[PDB]
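Notes for the one structure printed next.
Heavy-atom basis, side chains included; hydrogens, waters and symmetry copies ignored. The sequence lines fix the lettering, A, B, ..., with proteins before strands; numbering per chain opens at 1.
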Amino acid sequence: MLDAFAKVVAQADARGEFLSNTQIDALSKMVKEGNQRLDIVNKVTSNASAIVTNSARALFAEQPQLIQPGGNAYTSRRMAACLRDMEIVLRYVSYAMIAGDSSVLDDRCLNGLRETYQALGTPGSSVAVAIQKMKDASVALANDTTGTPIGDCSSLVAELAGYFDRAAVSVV
Amino acid sequence: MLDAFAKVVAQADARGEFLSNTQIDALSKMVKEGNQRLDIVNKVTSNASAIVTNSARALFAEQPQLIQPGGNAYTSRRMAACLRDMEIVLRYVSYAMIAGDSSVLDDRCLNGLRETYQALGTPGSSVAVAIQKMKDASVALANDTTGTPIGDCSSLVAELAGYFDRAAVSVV
Amino acid sequence: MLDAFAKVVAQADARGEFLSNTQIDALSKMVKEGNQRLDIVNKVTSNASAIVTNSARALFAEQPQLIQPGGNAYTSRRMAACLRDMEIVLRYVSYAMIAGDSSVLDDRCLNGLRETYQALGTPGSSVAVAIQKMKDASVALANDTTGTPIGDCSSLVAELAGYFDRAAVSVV
Amino acid sequence: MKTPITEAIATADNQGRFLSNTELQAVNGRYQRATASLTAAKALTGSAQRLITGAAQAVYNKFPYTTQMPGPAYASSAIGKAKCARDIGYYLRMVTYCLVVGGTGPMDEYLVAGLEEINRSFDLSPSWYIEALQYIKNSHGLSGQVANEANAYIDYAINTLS
Amino acid sequence: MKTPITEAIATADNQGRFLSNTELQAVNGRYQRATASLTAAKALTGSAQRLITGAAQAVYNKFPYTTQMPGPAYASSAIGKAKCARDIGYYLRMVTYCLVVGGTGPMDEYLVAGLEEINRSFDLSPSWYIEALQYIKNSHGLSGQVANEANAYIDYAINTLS
Amino acid sequence: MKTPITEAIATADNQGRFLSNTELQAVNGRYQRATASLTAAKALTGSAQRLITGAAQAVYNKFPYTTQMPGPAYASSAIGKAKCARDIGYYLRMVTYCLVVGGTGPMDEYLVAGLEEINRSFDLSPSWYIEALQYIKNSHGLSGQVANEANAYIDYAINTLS
Amino acid sequence: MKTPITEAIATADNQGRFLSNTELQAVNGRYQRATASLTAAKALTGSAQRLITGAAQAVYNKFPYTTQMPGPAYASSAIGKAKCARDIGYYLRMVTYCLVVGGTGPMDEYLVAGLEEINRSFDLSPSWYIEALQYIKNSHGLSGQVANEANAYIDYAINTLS
Amino acid sequence: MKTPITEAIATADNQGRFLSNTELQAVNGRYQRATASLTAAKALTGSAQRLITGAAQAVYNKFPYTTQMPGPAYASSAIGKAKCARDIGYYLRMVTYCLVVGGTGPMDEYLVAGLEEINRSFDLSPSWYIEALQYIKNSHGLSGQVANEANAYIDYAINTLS
Amino acid sequence: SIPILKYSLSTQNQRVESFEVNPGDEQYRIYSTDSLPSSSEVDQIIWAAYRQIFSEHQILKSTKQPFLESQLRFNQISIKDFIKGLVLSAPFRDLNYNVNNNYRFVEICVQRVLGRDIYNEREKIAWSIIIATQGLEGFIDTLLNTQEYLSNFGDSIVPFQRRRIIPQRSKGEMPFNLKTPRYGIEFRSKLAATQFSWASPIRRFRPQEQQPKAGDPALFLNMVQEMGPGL
Ligand SMILES: *CC[C@H]1/C(=C/c2[nH]c(/C=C3N=C(/C=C4\NC(=O)C(CC)=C4C)C(C)=C\3CCC(=O)O)c(CCC(=O)O)c2C)NC(=O)[C@@H]1C
Ligand SMILES: *CC[C@H]1/C(=C/c2[nH]c(/C=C3N=C(/C=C4\NC(=O)C(CC)=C4C)C(C)=C\3CCC(=O)O)c(CCC(=O)O)c2C)NC(=O)[C@@H]1C
Ligand SMILES: *C[C@@H](*)[C@H]1/C(=C/c2[nH]c(/C=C3N=C(/C=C4\NC(=O)C(CC)=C4C)C(C)=C\3CCC(=O)O)c(CCC(=O)O)c2C)NC(=O)[C@@H]1C
Ligand SMILES: *C[C@@H](*)[C@H]1/C(=C/c2[nH]c(/C=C3N=C(/C=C4\NC(=O)C(CC)=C4C)C(C)=C\3CCC(=O)O)c(CCC(=O)O)c2C)NC(=O)[C@@H]1C
Ligand SMILES: *[C@H](C)[C@H]1/C(=C/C2=NC(=C\c3[nH]c(C[C@H]4NC(=O)C(C=C)=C4C)c(C)c3CCC(=O)O)/C(CCC(=O)O)=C2C)NC(=O)[C@@H]1C
Ligand SMILES: *[C@H](C)[C@H]1/C(=C/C2=NC(=C\c3[nH]c(C[C@H]4NC(=O)C(C=C)=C4C)c(C)c3CCC(=O)O)/C(CCC(=O)O)=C2C)NC(=O)[C@@H]1C
Ligand SMILES: *[C@H](C)[C@H]1/C(=C/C2=NC(=C\c3[nH]c(C[C@H]4NC(=O)C(C=C)=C4C)c(C)c3CCC(=O)O)/C(CCC(=O)O)=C2C)NC(=O)[C@@H]1C
Ligand SMILES: *[C@H](C)[C@H]1/C(=C/c2[nH]c(/C=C3N=C(/C=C4\NC(=O)C(CC)=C4C)C(C)=C\3CCC(=O)O)c(CCC(=O)O)c2C)NC(=O)[C@@H]1C
Ligand SMILES: *[C@H](C)[C@H]1/C(=C/c2[nH]c(/C=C3N=C(/C=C4\NC(=O)C(CC)=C4C)C(C)=C\3CCC(=O)O)c(CCC(=O)O)c2C)NC(=O)[C@@H]1C
Ligand SMILES: *[C@H](C)[C@H]1/C(=C/c2[nH]c(/C=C3N=C(/C=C4\NC(=O)C(CC)=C4C)C(C)=C\3CCC(=O)O)c(CCC(=O)O)c2C)NC(=O)[C@@H]1C
Ligand SMILES: *[C@H](C)[C@H]1/C(=C/c2[nH]c(/C=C3N=C(/C=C4\NC(=O)C(CC)=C4C)C(C)=C\3CCC(=O)O)c(CCC(=O)O)c2C)NC(=O)[C@@H]1C
C-alpha cells in the first residue's frame, strides 16, 4: 500500500524526475500537521466501540424493518455480522487517516464489497446510511477539544469525512 | 442442508411464526411414513452396483458411438469416470430420499454440472439418458415387494422418481 | 506434451487405426536425421545466455521508449522480468526442437500469453520484435559449420525458424 | 441444521459413500423419539403467551433494577418492555423449533451463533435470560418423556448463556 | 471401526460439542435395532457349518472349471478346496461381526481394505465370492426384520466385489 | 505420454533449465534403439488379424466355459464374441503404439488407467487377457532385438494385469 | 513500500486490530525525524549535477580500463558514457526518494529488486557503483544529523551491492 | 548427483515403478556417448599443467588491472596469484568430473550452487573466469566428438557465469 | 531477485468471522493425525486427501501412491508432506498439469491446497511465473509455506474448501471440483478427443416424460396397493 509521502514519490518516479522545491515544502507541511493528524486517529479509535453500537442503534430505530422477522439484521448472527462490517469499515478508515490516502481502504476493504452485498440480499443503500451515521459520530468527536491544545484542524476533518464518503458510495 | 422437517421451520421463522396444530399434524404424517422411507433407500443402496452397470450396459447398446474410438466413454479411464458419475448421482438421490427434499442434491451435486460437461465436451443430453435408466431400475426395485411387510409405500415411489427427474433436467 | 512420434499415435487412436506403412516410414526418416537435430539444440543451448542478452540490447537501442521513465522496461524489477521472459520463450523453443512438434511450445508457453500481456500493460508487439531478434540470432548459429560434418540441415533450420515465428504471432 | 437426518447424510458424504445401516439407524432413532418430541411442541405453543408474560414478570421480580434504571438497555420504558417480551418469545420459539426438528439445529443457527457478541454490545446481561428460561423450565406443566424432551432444550439454552 | 456410536462421537468431537439430543437419538436408534441384529448374528453363528459347505458347493456347481483346471488358484486339489471353504468362513464371520457392532465397520477394516490387490495377485475371481454370498443370502433361513438385517450386510460385501 | 523424449524435457522443465548434455544422451539412446523398435511395430501391424483371431481362439480353448455360460460377460453370444475380438485388438494396438514412441506411454494412458475398475464392474477376468497375450508373445515370429522390443511391452501388459 | 506508516498499518491489519498507541508512537518517530531527512533530500537535489559528474569521473580514475576497453559494457564510446552517468543519477534519485518517505522503501522496488540479474546479464561490475557511492558519501557536503540520514541510505545501497 | 543413470532411477522412483524401457534407453544413450567422454576426460587431465597456467595468463592480458590494483580481491600479490590459479583448477577439474559422469551433475552441486553470493561478497568479477574458460575451449586441442563433448561442459560453465 | 508482484485482495467469506460456536452439518470434517487414529481411521484421512487434491474420478487403482501411504502410517511424513507428495506425483502431472496452462493450474492448486478461490485475475498472473522459473517442486513449496496454510491447516490437517456455506443459507458457493474441472474451454477443442461441443436432447417416438394431469388414476393410487384393516 501507499501513504501520502510514498504517493508523491510514485508520481515523481514515473516521470524520472527529482522532486522540486515546492513538492518538498508541500511534504514538510504534512509533517507540521502530523501531531494534529495523530490526535484525530487517537480520538476515533479510543471511542471505536461506541461509534459502532450507537450508529447501529440509530439505524434500527430509523429503519425498523431490518430487525423485524425476515429483516436482514434479524437473528443473532445476522445482527452480529452487521456490527462486524461497521467495525471493519471504521477500521480501514482509521488506517487511511494516518496514511494520508485511501489506498489501503480501496484495496483491502472495498474491493468487491458491493458485489458481495448484492449476492447476499443485503440492502446496500442501508449500509451507506450506517456509514454516514458513523461519519458524523466521528467528525463530531474529532472536533472536540477536551485534551488537545486549541487550534484549527478543519482541513483534516474534511479529509476524514471524505474517506467515510468514499466507502459510503462504494457499497451501493 | 435442509431436510423436510427443517424446510417448514425455515418458512415459519422467515415470518416469525409458531407452528400451528395443522402444521404439526402434517409433520406427524411424515413420521408415520418413516419405516417405508428407510426401506426404499435400503433397496437402492443394497443393489447399487447393479443399478449402475446394468443401466450403463443399456446405454452403450443403444448409443454405441459413445464407446467407439473418438467417443467420450472410450479409453477405459474415461469409461471408469463415466461409471463414477452414475454412482455419484445415485448417491445424492439416495441422500435426498431420506432427507425428504432435494437441497443436498441441488448444491452438492447438480450445481455447476451442466457447465462442467460443456467445458469437458461430454454430451450432457446422454448423461440425462443415463440418469433416466437408473430411474426405472430404482423404481422397479422399490415397487418390488421382497423383504417387506404388507402395506403401502406408493406415494414414496412417486417421490423417489421425482429426484431422478430433477437430476436429469439440470444437466441437459 | 507430445513429441513427433506420439503426435501420430494420438491422432491414430482417435480413429481406432494402426499406423500405416507410410506413417512408420515418415517416422523413421526423423530417426535418420536425428543426429543433426541434436547438433542444432547443442548450438542453441550452449550460447543461450548470449542469444538473450544481445537481442535484448538491440531491442532497446531501436525501441528507446521502453526504458524511458514510464516505459514498460523502466525499473530494476521490470527490466529483469523482460530478460527472463526472453529466456522462458527461448527455452520452450528448444523443447519444441528436440520433440519435433510444437506441442510443448503451445501448451506450456504460448497458451493464454497474449491475454496476460494485455492485463499487465506490456506492449505485445515489442515482445514479438524481441522474439524475432532471437530467431535470426540462433539461425545464424545453427548454420555454423564448426565442430560438425558438412551436410544439409536446411530443412531443419527452416523448422527452427517456424517455431520462433509461431511464438511471435501468438503473443501480439 | 443439526437434525439427526442431516448429520447422517454428512457422515456418509464425508467419505463418499452410500447410506449404510450405520446412518439409517440414526434416522430411525429420530422417528422413535418424534412422538414425544412433537407433543411437547404442541403444548408449549398453545401456552406461549401464558409462559411469555409470566417469564417476563419473573425477571422483573428477581432484577427490579431493570425497570427503574434509565438507559436504552433496560426495560424502564414502554419500548423496553416490548423488546423484553420479544426476547422471551424468541427463546421460547427456538425451543419449539428444536422439538419439531429433533436436535439443536434451529437454536444454533438462529439464536446461539453471535449471541455473545450481541449481549456485550447492547449491554444485555445473560443472567436475565437464564432466569426467564428457568421459569419456563418449571412452569410448562409437562411430565414423563414429554417434559424430558422439553427440558433438554431449555437446559441447552442455559448452557450457552452460562 | 465405523460403528453407530463412534460416528456419533466423531461428529460431536469435530464440532467441539457435548453429546446433544442429535447424538443421543442416534445411539438410541442403534439400541432399538440391536434386538433384531443380535438374533441374526446368533442364528448365523449356530448354522455356520451348514452355510459354509453349502456355499462352497454352490460355487462348484456354477463354475465347475474351478474343480477341473490345474493350477494353484483353483479348487482342484484337496489343498485348494480347504482354502476355498476357509475363505467362505472369513466372509461369513465378518458379516456376524457387523451385526453385533452395527454398521459396516469390521469388514471395512479386516476385509475390504487391500482386497483387490489380493485377488489380482493370486488370480482369484470376485465372481466366485459373489456366488457364495448369494447362496448365504438365500439359505440363512431368517425372516422378518431379522432377515432384513442380515441381508443388508451380505449385500455390502457383494457391492464391494461387484 | 511417458516417452524418452518427453521424459527428458520433463526433467529440465521441473527445474527451469535448458536441455544440457544429460538429456541429449537420452534422446540419442532412443534414436539408436528406434531401428529395431520400428520394424517390430510394422511386423505386428501387418500380421494383426492372424494374431487377433488366433489369440481369441486361444482363450476359448483354455477357458471353454466362456463360450458356454449364458450372461453378458461371456462370449457365448454373437455379440459377446465380437466384443472379445474387439478387446484383443485394443491390447495389440497399444503394443504397436508403445513401440513407435518408445516406452509405455500410450498403453499407460489409454489402457491401464482405470483397467481394474472396469474389469470388476463388467465381470471380466484378467486371466482371459493374459492367455491372449501369451499367444501373441509366442506367435509374432520375430527374432533378434526385434523380438526383445516386442516382448518388452507384451510382458508389461501381463505384469499390470496380474 | 517500506514507509514506517505502512509498516505500522501492516502489523495492525495482520492481527485484524485497530491502531493502538504502539502504532501512533511509531509514526510520531517518523515525524520527529523528518525535519532532518527533508533538509538532506533538498540539499542533495540542489547539488545533484555536481555530484553526478564528480562521481562518474571518480570511477574513471579508479578503473581506467572502462574508458579504453571495447565492448558495449564499458564507457569507451559516447553511448556508453551517457548510460554511465544515467546510472549514477538513478542511484542518487532513489536516495532522495528514500529520504522523503523514510526508510528503504522506494529503492527496494525501483532499484534493488532484480538488480543482480541486471549486473549479471549486461556484465556490469557492482564494484564500479560502490566506488561512485563512496564519492557521494565523502563529498555531499553535509554535516550534523542531516548527513546521518543521507549516509544511512547510501550505505544501504552499498550493502546490497557488496 | 545428476548422472543420467541416477536421473533415470529417480524418474522411476518418483512414479513407484520398475525400470521400464523408457529408462533403459536413457542408460544406453550414456553408454554410446561414453567413449567420446572418457577420452576427453583423459586428455584434459594430462594436459592440465599447460591449460591452467595458460588460462591464468589469458586473464592477465585482457584485464591487466587485476595484477596492479591493490586490494585482496586482485591477484597483485603472491597470495592472490596462487588463489587465482587455484580457481581455474577448480573449473577444469569439474569439467573432467562432468565428462566421466556424463552430464552437468558434479559441477552443479560442487561449483555453481551458491556461487553468485561468493563473487558478490568477495568483490571478484565473473568476467575474469569467462576469459579463462574461453581459453581452454580454444586450446584443448581435440577434434571430432571428443571436442564436441568437451566444449559442451565448458559452455555450461560460461552460461552460469552470465 | 525478482520478488512476486503485488496484487489486490477481494472480499471473500474466509477473510471475516463467522460467529459460530456449535457448528452444524455443514462443518467440514477436520481429518487430523493429532487425534491418534487407528488403521481404519487413517484410511479415511488418505481418502479425504485423495479427494481433495485429485478428483473423485482420479482415485483409480493406478493413481494411488502405496509408498507415500506407508510413510504416513509409520509417522515418517506429515500430512503437509502427503499433500505435497500428491501434487508432485506422476498421476497429477499427467492428468492435470499437462492439460492446463500456467494460469489455470494456479487456480486449481489455490482452490485445492489453500482451500479458497483466487482473489482476482492478477493473482493467477503473479503465481504462474513461480511455476515457469522454478518448477512444480518450487511452486508447491512456496504455496505450502505461506501463512495462509500454516495458520489454517498447519502441518497435520487435510485441507478443505474453507467457509463455503453461510450458516443461515441452504445454497452455498459452488464446490471447487465442479467449478474447476480437469481441463477447460481451451484444450477442449481437439486436444482432448472431442467433437461438436454440444448435443440436443435425445428425441424419441415414445415420449418418456409425460406429466400427469388432474384426473389420472395414479394420483389416487395411494392405498390401491392394500386396504387398511379394522371394522
Ligand atoms: C449494518 C450492516 C448491514 C448488513 C451487514 C451484513 N453483512 C453480512 C455478510 C458479509 N459481510 C461481508 C463483509 C466483508 N468481508 C470482508 O472480507 C471485508 C473486508 C474486505 C468486509 C467488509 C462478507 C464476506 C459477508 C458474507 C459472509 C458472512 O456473513 O460471514 C451479513 C450476513 C448475514 C446475511 O445472511 O447476509 C449481514 C447482516 N446487513 C444489514 O442489514 C445492514 C444494513
Ligand atoms: C456415463 C457418463 C457420461 C460421461 C462422464 C464423464 N465425466 C467425466 C468427468 C467429470 N465428471 C465430473 C462430475 C462431478 N464431480 C463431482 O464432484 C460431482 C458431485 C459430487 C459430480 C456430479 C467432474 C468434476 C469431471 C471432471 C474432473 C475429472 O475428471 O477429474 C469424464 C472424464 C473427462 C476426462 O476426460 O477427464 C467422463 C468420461 N461421459 C460420457 O460419455 C457419458 C455420457
Ligand atoms: C471359494 C474358494 C475358491 C478359491 C479359494 C482360494 N483362495 C486362495 C487364497 C487366498 N485367499 C485369501 C483371502 C483372504 N485372506 C484374508 O485374510 C481375508 C480377510 C479375512 C481374505 C478375504 C488370501 C490372502 C489367499 C492367499 C494366501 C492363503 O490363504 O493361502 C487359494 C490359494 C491360491 C494360491 O495360489 O495358493 C484358493 C484355491 N479358489 C477357488 O478355486 C474356489 C472357487
Ligand atoms: C558508471 C557507468 C558504468 C557503466 C554503465 C553502463 N550501464 C549500462 C546499462 C544498463 N544499466 C542499467 C541499470 C539500471 N536500470 C535501471 O532502471 C535502474 C534503477 C532505476 C538501474 C540501476 C540497465 C537496465 C542497463 C541496460 C539497458 C540500458 O540502460 O541501456 C551500459 C550499457 C551496457 C550494454 O550492454 O548496453 C553501460 C556502459 N558501465 C561502465 O563501464 C561504467 C563504469
Ligand atoms: C484538531 C482536530 C484538534 C487539535 C489538534 C491539535 N493537536 C495539537 C498538538 C498535539 N497533539 C498531540 C496528540 C497526538 N500526537 C502524538 O504524538 C500522539 C501519541 C504519541 C497523539 C495522540 C500531541 C502530543 C501534541 C503536542 C505537539 C504540540 O504541542 O504541538 C495542536 C497544536 C498545534 C499543532 O500541532 O499544529 C493542535 C491544534 N486541537 C484542537 O483544537 C482540535 C480539537
Ligand atoms: C415400501 C416401498 C415397501 C414396504 C414397506 C413397509 N415397511 C414396513 C415396516 C418396517 N420396515 C422396517 C425397516 C426399516 N426401518 C428401519 O429402522 C431400517 C433400518 C435399520 C429399515 C430398513 C421396519 C423395522 C419395519 C417395522 C415397523 C413396524 O413394525 O410397524 C411397513 C409396515 C406397515 C406400516 O408401517 O404401516 C411397510 C408397508 N412394504 C411394501 O410392501 C413395499 C414394497
Ligand atoms: C546441421 C545444422 C549441421 C550438420 C550436422 C550433421 N551432424 C552429423 C552427425 C553428428 N552430429 C552430432 C551432434 C549430436 N549428435 C549426438 O549424438 C550428440 C550428443 C548426444 C550431438 C550434439 C555428432 C556427435 C555426429 C557424429 C555422428 C555421425 O558422424 O553421424 C551429420 C551426418 C554426418 C555426415 O553427413 O557425414 C550432419 C549432416 N552438418 C552441417 O553441415 C550443418 C552445419
Ligand atoms: C521483455 C522482452 C518484454 C517485457 C516483459 C515483462 N514481462 C512481465 C511480466 C510477466 N511475464 C510473464 C510471462 C510468462 N508467464 C508464464 O507463465 C509463461 C509461460 C506460459 C510466460 C512467457 C508473467 C506471468 C508476468 C507477470 C509476473 C510478474 O509480474 O513478474 C513484466 C512485468 C514486470 C512488472 O513488474 O510488472 C515485463 C516488463 N515487457 C517489455 O517491455 C518487453 C517488451
Ligand atoms: C427483557 C427480558 C430484558 C431486555 C430486553 C431488551 N433487549 C433489547 C435489545 C435486543 N435484543 C436482541 C436479541 C435477539 N435478537 C434476535 O434476533 C434473537 C434471536 C432470534 C435474540 C435473542 C437484539 C439483537 C437487540 C438489539 C436490537 C433490538 O432492538 O432488538 C433492548 C433494547 C436495547 C437497546 O440498546 O436498544 C431491551 C430493553 N432488557 C431488559 O431490561 C429486560 C430485563
Ligand atoms: C474376450 C477376450 C473376452 C470377453 C470380452 C468382453 N469384453 C466386454 C466388454 C468391455 N471390455 C472393455 C474393455 C476396454 N475398453 C476400452 O476402451 C479399453 C482400452 C482401449 C479396454 C481394455 C469395456 C469398457 C467393456 C464394456 C463396454 C463395451 O461394450 O465395450 C464384454 C461385454 C460385457 C458386457 O457386460 O457387455 C465381453 C463379452 N469376454 C469373454 O468371454 C471373452 C473371453
Ligand atoms: C583468478 C583467476 C582471479 C582471482 C581469484 C581470487 N579468488 C579469490 C578467492 C575465492 N575464490 C573462491 C572460489 C571457489 N571456491 C570454491 O571452493 C569453488 C568450487 C570448488 C570456487 C569456484 C572462494 C570461495 C574464495 C574465497 C576464499 C579463498 O581464499 O579461496 C581471491 C582472494 C580474495 C580474498 O579476499 O581472499 C583471489 C585473488 N582474482 C583475480 O584477480 C584473478 C583475476
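A salt bridge does not link I:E209 with I:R204: none of the charged nitrogens is closer than 4.0 Å to a carboxylate oxygen. Classification of I:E56 and B:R91 as a salt-bridged pair holds, one side-chain N sitting under 4.0 Å from a carboxylate O. Between E:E131 and E:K62, at least one side-chain N (NZ, or NE/NH1/NH2) sits under 4.0 Å from a carboxylate O, which counts as a salt bridge. Residues I:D94 and F:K2 are not paired through a salt bridge, judged by the lack of any N-O separation under 4.0 Å between the basic side chain and the carboxylate.
Listed by chain and residue number, nothing satisfies the salt bridge (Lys or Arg N to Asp or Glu O under 4.0 Å) test with B:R77 (two or more places apart in sequence, or in another chain).
At a threshold of 4.5 Å between non-hydrogen side-chain atoms, the residues E:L51 and E:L92 count as touching. Here the side chains of I:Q195 and B:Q65 are in contact, with some heavy-atom distance below 4.5 Å. For the pair B:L66 and B:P123, the minimum side-chain heavy-atom distance is below 4.5 Å. Between F:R86 and B:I67, the closest side-chain pair of non-hydrogen atoms falls below 4.5 Å. For the pair E:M107/E:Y156, a side-chain contact is recorded, criterion being any heavy-atom separation below 4.5 Å from C-beta on. Side-chain contact between B:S126 and B:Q63 is present, with at least one heavy-atom pair separated by less than 4.5 Å. Side chains of B:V129 and B:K133 form a contact here, defined as non-hydrogen atoms less than 4.5 Å apart.
In terms of modelled atom types and a separation under 3.5 Å, the side chain of B:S46 and the main chain of B:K43 share no donor-acceptor contact. Under a 3.5 Å cut-off, the side chain of E:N159 and the backbone N or O of E:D155 do form a donor-acceptor pair. With hydrogens and angles disregarded, a donor-acceptor distance shorter than 3.5 Å links the side chain of F:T96 to the backbone of F:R93. A donor-acceptor pair under 3.5 Å is formed between the side chain of F:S125 and the backbone N or O of F:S127. Judged by distance alone, the side chain of B:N42 and the main-chain N or O of D:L24 form no donor-acceptor pair under 3.5 Å. Between the side chain of E:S162 and the backbone N or O of E:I158 there is no donor-acceptor pair closer than 3.5 Å. With F:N119 contributing its side chain and F:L115 its backbone, the two residues share a donor-acceptor pair below 3.5 Å. Judged purely by atom type and a 3.5 angstrom limit, E:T104 has no side-chain atom pairing as donor or acceptor with the backbone of E:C98. Between the side chain of E:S139 and the backbone N or O of E:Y135 there is no donor-acceptor pair closer than 3.5 Å. Proximity of a side-chain donor or acceptor of B:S94 to a complementary backbone N or O of B:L90 within less than 3.5 Å is not detected.
Contact record, E:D123 with E:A73: O-CB, 3.8 Å, taken as the closest heavy-atom pair. Summarising the geometry of E:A55 relative to E:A132, their closest heavy-atom pair is CB-O, 3.6 Å, with the distance given to 0.1 Å. Closest non-hydrogen pair, B:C109 versus B:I88, comes out as SG-CG2, 4.0 Å. What you find for B:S138 and B:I51 is that their closest heavy atoms are OG-CG2, 3.7 Å. Considering all non-hydrogen atoms of both residues, C:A10 and F:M1 come closest at CB-CE, 4.4 Å. When all heavy atoms of B:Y117 and B:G124 are compared, the pair lying nearest together is CD1-CA, 4.5 Å.
Atom CZ in H:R17 sits 4.5 Å away from atom CG in F:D108 (nearest 0.5 Å). Interatomic distance, F:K137 NZ to F:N151 CG, rounded to the nearest 0.5 Å: 5.0 Å. Between the OG1 atom in F:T67 and the OH atom in F:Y65 there is a gap of 10.5 Å [rounded to 0.5 Å]. To the nearest 0.5 Å, the span separating OH on F:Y60 from NZ on F:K81 amounts to 6.5 Å. The structure places CD1 of E:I88 at 11.0 Å from CH2 of E:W128, a figure rounded to the nearest 0.5 Å. Rounded to the nearest 0.5 angstrom, E:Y153 OH and E:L44 CG are separated by 12.5 Å.
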| request: Please report the C-alpha distance between E:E116 and E:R120 in whole Å, then the side-chain angles of each, then the deciding distance to 0.1 Å, and finally whether the salt bridge (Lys or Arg N to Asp or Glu O under 4.0 Å) criterion is met. | output: CA-CA 6 Å; E:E116 69 272 10; E:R120 194 214 57 236; over 6 Å; no
| Could you walk me through whether B:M86 and B:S55 pass the side chain to side chain contact (heavy atoms under 4.5 Å, CB included) check? | CA-CA 9 Å; B:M86 301 174 66; B:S55 51; 3.5 Å; yes
| request: List the steps and the verdict of salt bridge (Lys or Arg N to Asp or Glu O under 4.0 Å) for B:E62 and B:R57. | output: CA-CA 9 Å; B:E62 81 188 24; B:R57 190 191 320 278; over 6 Å; no
| said: Checking B:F164 against B:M134 for the side chain to side chain contact (heavy atoms under 4.5 Å, CB included) test, could you report, in this order, the C-alpha distance in whole Å, the side-chain angles of both residues, the deciding distance, and whether it holds? | reply: CA-CA 8 Å; B:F164 274 111; B:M134 301 194 305; 4.1 Å; yes
| query | Can you check side chain to side chain contact (heavy atoms under 4.5 Å, CB included) on E:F63 and F:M69, steps first, answer last? | reply | CA-CA 9 Å; E:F63 311 102; F:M69 216 175 282; 4.1 Å; yes
| field | Derivation of the side chain to side chain contact (heavy atoms under 4.5 Å, CB included) call for I:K64 and I:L60 | value | CA-CA 7 Å; I:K64 297 197 265 273; I:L60 303 166; over 6 Å; no
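I:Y50 and I:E69 form a side-chain donor-acceptor contact under 3.5 Å, judged by distance and modelled atom types alone. In the model, B:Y74 has no side-chain atom that pairs as donor or acceptor with a side-chain atom of B:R78 under 3.5 Å. Inspection of the B:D39 and B:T148 side chains reveals no N or O donor paired with an N or O acceptor under 3.5 Å. When only modelled atom types and interatomic distance are considered, H:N21 and F:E149 share a side-chain donor-acceptor pair under 3.5 Å. Checking F:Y129 against F:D87 by side-chain atom types alone, a donor-acceptor pair falls below 3.5 Å. A donor-acceptor contact closer than 3.5 angstrom links the side chains of F:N61 and F:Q57.
Open room surrounds CD on F:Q49; 12 or fewer heavy atoms of other groups in view lie less than 6.0 Å from it.
Of the candidates E:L161, E:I154, E:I52, E:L161 is the only one forming a side chain to side chain contact (heavy atoms under 4.5 Å, CB included) with E:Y91.
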